[PDB]
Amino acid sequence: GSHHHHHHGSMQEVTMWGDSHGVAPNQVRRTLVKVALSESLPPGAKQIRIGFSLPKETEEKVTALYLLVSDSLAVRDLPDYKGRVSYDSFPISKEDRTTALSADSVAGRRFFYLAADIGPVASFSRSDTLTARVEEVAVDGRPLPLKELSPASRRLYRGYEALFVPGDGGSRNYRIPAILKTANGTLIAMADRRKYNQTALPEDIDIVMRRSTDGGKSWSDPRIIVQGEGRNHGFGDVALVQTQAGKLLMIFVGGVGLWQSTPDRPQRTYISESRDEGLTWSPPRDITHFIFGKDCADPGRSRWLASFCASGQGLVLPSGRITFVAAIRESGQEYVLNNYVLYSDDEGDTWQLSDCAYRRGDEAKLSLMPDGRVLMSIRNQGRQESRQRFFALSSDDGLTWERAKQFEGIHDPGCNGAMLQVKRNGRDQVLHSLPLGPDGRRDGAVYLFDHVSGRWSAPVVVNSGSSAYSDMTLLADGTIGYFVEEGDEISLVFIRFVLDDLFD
């Protein structure tokens, strides 16, 4: 083996991880450091003592400390599992730097969490972070060597909440975030309820929703709004808009996998609408026949094989035209997709396709430029060219398109993300979310593109660690809501900040 293992007895081993998830004011029992024993305390043990450090700046930002003890080693803060992780909580005075528990209280468990209640105050700047470190773990007065696998650094954000966590509602997994703010200020968050594992269609998947009427301060209990009925009969990959008339529209796919779809046995595209801020939804309406396949009235598209609109949000233009970008498979001989805008000029009654917007594209998103042109951002699938994100422009409200290399300048490891058109210090800019990578789904970042100089900012990492799809919306009061896939086993996390918190 990699290490020498002695033969004079069993050797307890201690591992510790500092936490780097975001936090927000007033949150309860937030993990700062996690400690794992490799085996239970031995039967003759009487006490475990844990010594720790915590800088004054962090002490001033917390109201209470705790040692939590669990039989489970969890990725996220223990309250995020809503009781599915059982734990005991042992208070520590916030000024103390050591704590001890009897072996009987530990009751054979191996996992310890130095946790804190967060106070009401914060500056939210890049440097507004919380940290602690475990300095000693001693059993019956004998210290153990500690294996430190990560430092603690929890950034304070104006809002931070995991809205969908593995296990919630009985679903094993969650993926594929979509966020919408309505004109009345309601927030709708939807996701794939990946009930049996984290894999895509053709797995059996439901679509689930939560809604907030207070700007993300609190969220309704999750509701399954489309229920998968078995393998090859699931639904997922939601994108959302609100039409000019005010109805909410969700578009999604269901059925076999994208590469298994054929003209005669398609993976289908459906729409559903809500006229009451997301409280109720119409039965899914199949609109596949407007796009491709054996029921399509355009014979030039009746042999195309598959289509899916990119999850997250579409775009409703000032004219009222409703748009989403579809990525369409035109040939069964190649694993290649071409982008077309799927649009409706009659509030969703009928749907049409633009001319082709991008060859060898993938999930693509739209945003409205200051002058009325439409910018499209296209995922780079298959490490094409210089592994950069691709862009295109339309000046006819999405009907025709031309590649826009001047907008390129950020890496795309091959992942969905989102755009917001913003004004900052009097300058029109585009905010774009993507994982930084490089070449992996790590370090969820945002960048600003300055329209006038044609240059991208350095990235700002919002959520370090494993990070994948992201969606973003602008709230009424000027904050940005950023809804991201955090972790290798994904939770969908809603983070609220203003631009100056990240870029100033």
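Residue indices: 1-based, along the sequence shown.
Checked against the record, the higher mean CA B factor of 25-33 and 466-474 lies with 25-33.
In this crystal structure, the stretch out of 124-132 and 412-420 whose C-alpha atoms carry the higher mean B factor is 124-132. The PDB entry assigns the greatest CA B-factor among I92, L240, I271, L375 to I92. Looking at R154, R175, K147, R211, the one whose CA carries the top B-factor in the deposited record is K147. Residue-level temperature factors show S105 in the highest third of its chain, judged at the C-alpha atom. Among the modelled residues of its chain, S491 has a C-alpha B-factor that falls in the lowest third, as given in the PDB entry. Among the modelled residues of the chain, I118 sits in the highest third by CA temperature factor in this PDB entry.
Ranked against the other modelled residues of its chain, the C-alpha B-factor of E334 as given in the entry falls in the highest third. Placement of the Cα temperature factor of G444 within the chain: lowest third of the modelled residues, per the deposited record.
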